[PDB]
Amino acid sequence: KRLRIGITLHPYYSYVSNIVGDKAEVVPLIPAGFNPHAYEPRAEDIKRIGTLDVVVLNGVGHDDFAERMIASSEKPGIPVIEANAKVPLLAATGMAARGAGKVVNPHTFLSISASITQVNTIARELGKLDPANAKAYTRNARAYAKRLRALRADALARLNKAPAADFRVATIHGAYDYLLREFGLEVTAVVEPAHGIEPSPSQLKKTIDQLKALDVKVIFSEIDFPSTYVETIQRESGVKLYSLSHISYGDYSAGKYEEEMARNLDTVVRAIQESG
Ligand SMILES: [Mn+2]
Ligand SMILES: [Mn+2]
Ligand SMILES: [Mn+2]
Ligand SMILES: [Mn+2]
Ligand SMILES: [Mn+2]
Ligand SMILES: [Mn+2]
Ligand SMILES: [Mn+2]
Ligand SMILES: [Mn+2]
Ligand SMILES: [Mn+2]
Ligand SMILES: [Mn+2]
Ligand SMILES: [Mn+2]
Ligand SMILES: [Mn+2]
């Protein structure tokens, strides 16, 4: 004792740290500065799972590497918190065609409302494991949710007018479908054919031709692990470029999620305000 809680992605470090405080230890599975899309399990990181009591998973497609790390560890039967067990999932593409047709968008963590649902699931499941700190977990979860709710409200407060009917939005990476739904907006197109997959020159050309035909106004690119082909899209479509954070780069911290979500929500507001 204390509880040793494993995490996979940076947003989950933030949720858990804000729920536990000093009552437990938040242990990242994979190193800081690693790209979760590129990550291939290492004996190094698999060997630390044996020191944990519970692992908090996204479990809906953004941390399959962790399910394999646990399976290859000293604790293959380690208690697991399915953080998205009560989150309604969007079925955004793709995962391609001749692999898996229509799948689930695993970026629930890039939503304020689905974040609050995840925070509540984690605080309840940790409460069941650590009954002595169940009250503190719940108190801290409610207070974190109030700050997440205020973050969204204060960002939307900056929006004078709703986007026009012709306001179409595209993204490089299919991470922002949940974020944009907070504005009542839909992503017209995703450039990546499947999650974390680079398009072929022919696939990129077809997409550029679709952004031009569909009159897409703005494109949301990556700050974290940027792509080489975004300037080609700029050079061929005449679409305005804005960048968003996937909350996957740098050091793990409690504040990281709310710091980067505030910047994301302000970038989306700036993109709307700059449409008129
Ligand atoms: Mn304990
Ligand atoms: Mn559990
Ligand atoms: Mn808090
Ligand atoms: Mn996707
Ligand atoms: Mn992703
Ligand atoms: Mn919508
Ligand atoms: Mn959408
Ligand atoms: Mn696609
Ligand atoms: Mn390419
Ligand atoms: Mn065309
Ligand atoms: Mn990019
Ligand atoms: Mn910290």
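Residues take their numbers from the sequence shown, with the count starting at 1. Keep in mind that the numbers below use all heavy atoms, side chains included, and drop hydrogens, waters and symmetry copies.
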Exactly one of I5, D22, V26 should register a side chain to side chain contact (heavy atoms under 4.5 Å, CB included) with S17. Which one does?
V26
Treating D266 as the side-chain partner and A155 as the backbone partner, does any N or O pair qualify as donor plus acceptor under 3.5 Å?
no
Are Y12 and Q118 close enough that a side-chain donor and a side-chain acceptor fall under 3.5 Å?
yes
Is it true that the side chains of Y178 and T108 contain a donor and an acceptor less than 3.5 Å apart?
no
Quick one, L159 and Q273 - any side-chain contact, counting heavy atoms below 4.5 Å?
yes
Is the backbone N or O of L52 less than 3.5 Å from a side-chain atom of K75, with the two atoms forming a donor-acceptor pair by type?
yes
Are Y249 and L110 grouped together when hydrophobic residues (ILVMFWY) are joined by side-chain heavy atoms under 4.5 angstrom apart?
no
With a 4.5 Å heavy-atom cut-off, do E82 and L57 have their side chains touching?
yes
Any sub-3.5 Å donor-acceptor pair from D63's side-chain atoms to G59's backbone N or O?
yes
Close side-chain approach of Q234 to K240, heavy-atom, < 4.5 Å:
no
Which heavy-atom pair separates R2 from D53 by the least distance, and what is that distance?
O-OD2, 4.0 Å
Do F183 and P163 come within less than 4.5 Å of each other through their side chains, counting heavy atoms only?
no
Backbone N/O of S245 and side chain of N264: donor-acceptor pair under 3.5 Å
yes
Using only heavy-atom distances, determine whether the side chains of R235 and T232 contain a donor-acceptor pair under 3.5 Å.
yes
Mind checking whether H246 and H62 have parallel, tilted or perpendicular rings, split at 30° and 60°?
perpendicular
Flag if over 12 foreign heavy atoms under 6.0 Å of CZ, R42
yes
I116 and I81: same hydrophobic cluster, using ILVMFWY side-chain contacts below 4.5 Å?
yes
Consider only side-chain heavy atoms of I, L, V, M, F, W and Y, link residues closer than 4.5 Å, and tell whether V269 and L244 are in one cluster.
yes
State, to 0.1 Å, how close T267 and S243 come at their nearest heavy-atom pair, and which atoms those are.
CG2-O, 3.5 Å
Please report, to 0.1 Å, the donor-acceptor pairs under 3.5 Å made by any side chain of residues 210-218, with sequence neighbours excluded.
{"unit_1": "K212", "atom_1": "NZ", "unit_2": "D209", "atom_2": "OD1", "d": "3.0"}
{"unit_1": "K217", "atom_1": "NZ", "unit_2": "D166", "atom_2": "OD2", "d": "3.4"}

Do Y15 and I7 have side chains that get closer than 4.5 Å, going by heavy atoms?
no
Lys/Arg-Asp/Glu bridge criterion (N-O < 4.0 Å) met for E260, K256:
yes
For the backbone of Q203 and the side chain of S200, can you confirm whether one donor and one acceptor N or O come within less than 3.5 Å of each other?
yes
Among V80, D130, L126, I78, exactly one meets side chain to side chain contact (heavy atoms under 4.5 Å, CB included) together with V54. Which residue is that?
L126
Under 4.0 Å between a side-chain nitrogen and a carboxylate oxygen: does that hold for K128 and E125?
yes
Tell me whether the count of non-hydrogen atoms from other residues, nucleotides or ligands lying under 6.0 Å of CZ in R181 goes above 12.
no
Answer yes or no: is there a donor N or O on one side and an acceptor on the other, between the side chain of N140 and the main chain of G21, under 3.5 Å?
no
Over 12 foreign heavy atoms within 6.0 Å of CD, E231:
no
Decide yes or no for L265 and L156: does some side-chain heavy atom of the first lie under 4.5 Å from some side-chain heavy atom of the second?
no
Quick one: are the ring centres of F220 and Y176 less than 6.0 Å apart?
no
Please test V20 against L3 for side-chain contact (heavy atoms from CB on, under 4.5 Å), starting from the C-alpha separation and ending with a verdict.
CA-CA 9 Å; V20 303; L3 242 185; over 6 Å; no
When you check the gap from the basic side-chain N to the acidic O, do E182 and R152 get nearer than 4.0 Å?
yes
Can you get from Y252 to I122 by hopping between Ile, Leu, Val, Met, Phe, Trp and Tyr side chains that sit under 4.5 Å apart?
yes
Check whether any side-chain N or O of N84 sits under 3.5 Å from a backbone N or O of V60 as a donor-acceptor pair, and report yes or no.
no
In the structure I gave you, are the side-chain heavy atoms of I219 and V191 within less than 4.5 Å of one another anywhere?
yes
Indicate yes or no: at least one non-hydrogen side-chain atom of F65 is less than 4.5 angstrom from one of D45.
no
So which heavy atom on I19 is nearest to which on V119, and how close?
CD1-O, 3.2 Å
Report, as yes or no, whether the 6.0 Å neighbourhood of atom OH on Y242 holds more than 12 heavy atoms from other residues, nucleotides or ligands.
yes
Parallel, tilted or perpendicular: which fits the ring planes of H107 and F109, with parallel below 30° and perpendicular above 60°?
tilted
